[PDB]
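Given as structure tokens, the chain that follows is alone and in the form deposited in one PDB entry.
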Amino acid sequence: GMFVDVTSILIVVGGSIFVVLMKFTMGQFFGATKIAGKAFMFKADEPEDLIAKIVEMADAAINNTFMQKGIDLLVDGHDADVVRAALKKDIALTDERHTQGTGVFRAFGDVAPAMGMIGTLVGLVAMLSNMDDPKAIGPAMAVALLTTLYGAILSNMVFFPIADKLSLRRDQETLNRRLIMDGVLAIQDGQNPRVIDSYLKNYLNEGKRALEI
């Protein structure tokens, strides 16, 4: 009963995990898992709200780690080059983490159908071998079919779409971080809010958001 379900999930998920652990390390797999969880349960801050907070701060002179780091390095580091270097490094690092989480889940989605095909080969082998015990072809055919189905479902409805959501979230985080870096530069040189808003207004429809308009 439970043996065929656990065997199918074992072949598929265990094969995927073995191949990916030969590809990535356990700590890096855990890091990618954390990134996916953060991208799937927190909504990326809207850029328009980011511009609103940027102009509010400019006129004055929370709830966002990056700009809080910018204003903390602003009160201390008076030069703009140290802040620019740190901010670009953080943006590049986050881009790297998202790209590599994408890589981990694309690897999972690439390998899982291969494990489904190996599973149906194993089921064919077992039930072509027995062919005489009814209690022996049932589990075998179930293993074949369910390994194929789990490969298909995990590949096309979990791992590939998690990778695509991570790519989308990487683009959104890149945009938000670039806008916050621009705002920190604007508060560095004390630019007027109107000109910086006009300089940022070309970002509300940039790339994907160009289809809606």
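Rigid core here is just the name for the largest C-alpha set that superposes within 1.5 Å across the two forms. Counting begins at 1, following the sequence as shown. Shifts are known only where both forms have a C-alpha.
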{"item": "Unmodelled in at least a third of other entries of this protein, residue 207", "value": "no"}
{"item": "At least a third of the other entries leave residue 6 unmodelled", "value": "no"}
{"item": "Continuity check for residue 61 and residue 62, given as deposited residues lacking coordinates between them", "value": "10 or more"}
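If you look for the form deposited in another entry, you will not find it shown, but the lines that follow are about it.
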query	finding
Which of 104, 87, 111, 140 is displaced between this form and the one not shown by 2 angstroms or more at its C-alpha, rigid core aligned	140
Segments displaced between this form and the one not shown (3 or more residues, each Cα shift of 2 Å or more, core-superposed)	5-7, 133-143, 203-205, 211-213
